[PDB]
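Student: Below: one structure in structure tokens.
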Amino acid sequence: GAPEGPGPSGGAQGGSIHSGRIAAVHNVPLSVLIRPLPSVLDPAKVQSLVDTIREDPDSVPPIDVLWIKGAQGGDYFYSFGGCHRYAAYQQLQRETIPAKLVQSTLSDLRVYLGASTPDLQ
Ligand SMILES: Nc1ncnc2c1ncn2[C@@H]1O[C@H](COP(=O)(O)OP(=O)(O)OP(=O)(O)O)[C@@H](O)[C@H]1O
Ligand SMILES: [Mg+2]
């Protein structure tokens with residue numbers, strides 16, 4: 001749980017390209033991925049990816065993922081794409097998946113779900 005926090009000490013949100021920020025590749029757990037948009041997966045195309053990760057996990061780049069926080073610091077990870085890439089990782093029963101984190105705002109989520117957008121907390 002986390003019924004407490006530090007405090008304000010740096011305008012991170014709306015920060016210009018000189019304030020402070022760290023965006024890089026990160027292994028985000030598969031159990032905390034948010035995907036509210038089903039898709040049609042192909043069993044032959046997943047096999048090709050499952051073969052790359054099993055034959056060479058270095059020639060496989062990360063996917064783009066949006067990093068947004070709720071009204072209570074609750075971090076939520078949204079993914080839109082790499083659908084087939086998720087099946088290969090999910091099929092290999094792996095614990096986490098490489099994904100590029102990109103700080104975003106609830107507005108960016110409205111562009112994708114400007115209708116079924118929930119209330120993050
Ligand atoms: N054996 C392989 N089979 C298919 N794609 C491969 C293979 N090895 C490398 N790749 C790369 O994996 C990437 C697959 O993910 P990408 O995000 O690019 O596109 P996508 O097919 O639209 O699907 P999703 O968003 O569902 O993963 C491709 O860009 C391709 O270049
Ligand atoms: Mg495409």
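To be explicit about the labels: the chains of the structure tokens are called A, B, and onward in the order shown, and within each one the residues are counted from 1, while ligands get numbers from 1 in the order they are shown.
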What does the list of residues within 12 Å of ligand 2 look like if you count only C-alpha atoms and all ligand atoms, written as a short mmCIF file (atom, residue, chain, number, x, y, z; two decimals) with C-alpha atoms, in the first residue's frame?

Tutor:
data_model
loop_
_atom_site.label_atom_id
_atom_site.label_comp_id
_atom_site.auth_asym_id
_atom_site.auth_seq_id
_atom_site.Cartn_x
_atom_site.Cartn_y
_atom_site.Cartn_z
CA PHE A 80 -1.51 0.63 -27.80
CA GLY A 81 0.27 -1.58 -30.36
CA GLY A 82 2.85 -4.41 -30.10
CA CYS A 83 -0.25 -6.64 -29.76
CA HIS A 84 1.46 -9.62 -31.44
#

Student: 9 Å from ligand 1 is the threshold here; counting only C-alpha atoms and all ligand atoms, which polymer residues fall inside it? Answer as a list in words.

Tutor: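 For ligand 1, the residues inside 9 Å are residues 39, 40, 41, 45, 46, 47, 48, 49, 50, 51, 52, 53, 59, 60, 61, 62, 63, 64, 80, 81, 82, 83, 84, 85, 86, 87 and 88 of chain A.
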
Student: Residues at most 8 Å from segment 29-32 of chain A, counting only C-alpha atoms, excluding those fewer than 2 positions away in the same chain, as a PyMOL selection string?

Tutor: chain A and resi 27+34+76-77+90+95-97

Student: Put those residues in a file: C-alpha atoms, as a PDB file, in the first residue's frame.

Tutor:
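The resulting file, out15.pdb, is reproduced below:
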ATOM      1  CA  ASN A  27      11.125  -4.198 -17.856  1.00  0.00           C
ATOM      2  CA  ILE A  34      -3.413  -2.149 -19.404  1.00  0.00           C
ATOM      3  CA  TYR A  76      -0.848   3.151 -14.687  1.00  0.00           C
ATOM      4  CA  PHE A  77       0.847   1.785 -17.848  1.00  0.00           C
ATOM      5  CA  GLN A  90       2.943 -13.984 -22.854  1.00  0.00           C
ATOM      6  CA  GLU A  95       7.833 -12.524 -16.026  1.00  0.00           C
ATOM      7  CA  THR A  96       8.299  -9.021 -17.605  1.00  0.00           C
ATOM      8  CA  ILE A  97       8.597  -7.380 -21.065  1.00  0.00           C
TER       9      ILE A  97
END

Student: Using DSSP on the backbone coordinates, identify all residues within segment 3-120 of chain A classified as strand (DSSP E or B); present the result as a list in words.

Tutor: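 Residues of segment 3-120 of chain A classed as strand (DSSP E or B): residues 25, 26, 27, 28, 29, 33, 34, 63, 64, 65, 66, 67, 68, 69, 75, 76, 77, 78, 79, 96, 97, 98, 99, 100, 101, 102 and 103 of chain A.
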
Student: Could you go through segment 50-121 of chain A and tell me which residues DSSP, when run on the backbone, assigns to helix (DSSP H, G or I), listing them as a VMD selection string?

Tutor: chain A and resid 50 to 55 83 to 91 106 to 113

Student: Could you tell me how far atom CA of residue 70 of chain A sits from atom CA of residue 116 of chain A, in Å to one decimal place?

Tutor: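 If I compute the distance from atom CA of residue 116 of chain A to atom CA of residue 70 of chain A, I get 15.8 Å.
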